[PDB]
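Just the one chain here, the form deposited in one PDB entry, laid out as structure tokens.
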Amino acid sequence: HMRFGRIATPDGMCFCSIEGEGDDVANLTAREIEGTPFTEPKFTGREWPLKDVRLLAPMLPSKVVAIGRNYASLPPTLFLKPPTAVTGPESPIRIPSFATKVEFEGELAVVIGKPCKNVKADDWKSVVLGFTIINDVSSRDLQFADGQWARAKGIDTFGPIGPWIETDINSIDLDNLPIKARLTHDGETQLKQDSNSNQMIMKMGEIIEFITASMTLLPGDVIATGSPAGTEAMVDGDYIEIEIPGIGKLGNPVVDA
């Protein structure tokens, strides 16, 4: 099945299908569709080289439910990031002056496909539209000061999502999926996160079961399935780029608000 994105246009914006070979934007074509990812696609015929077009968050979720402490001591835990934290590829992560020690977190993100409640673990594939990347940006100093993580992870722009939604969920092997983050600081880039979905303590089905036992999930809701708990701080001028092979890259410049 297809890859679905959203892009700026001159008339505003539109969903598209992303077609072509790599994860590499240079080989890819955005083809405009009418409708959403939730219905049967038909194409208007406007098509762009992906390098020429501005990708947006592939979905504007009613809520983002995130799992803390899910990466190989306290058990995995649920928290929320507000819909206002969500932004897209190349949008600035805008850091307020009072938010310090701000770190990235590359995570595999799941998009819910249909309304669901009390989903059993091995039935999880039936409620998922696809996978995407989220950068669960957090001020570690606020996280610590506040106790509840909501403010430190819920500042506007602290949830980049993208670059598109991969609906072919069998293409993604969850026993071995690298999740990488490359940080550029003072003009140099290093690999600052190197994890793998095989490190997840609660696996995909358990997560969905765990969440939906408590709360109803709606189409377009995003689940952030976790990361290592401490990474590396980012500052004005940096660039952070998460890569999950098979999905693509989610990059964002970092600026002072």
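Residue numbers here begin at 1 and follow the sequence given. Think of the rigid core as the biggest set of C-alphas that the two forms share within 1.5 Å after superposition.
One more form of this protein, deposited in another entry, exists but is not displayed; see below.
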Core-superposed comparison between the shown form and the other one: the option from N27, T189, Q199, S214 whose CA moves 2 angstroms or more: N27
Sense of the change in Cα distance from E243 to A229 in the other form - at least 3 Å versus the shown form: closer
Cα distance between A145 and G230, which in the other form differs by 3 Å or more from this form, closer or farther: farther
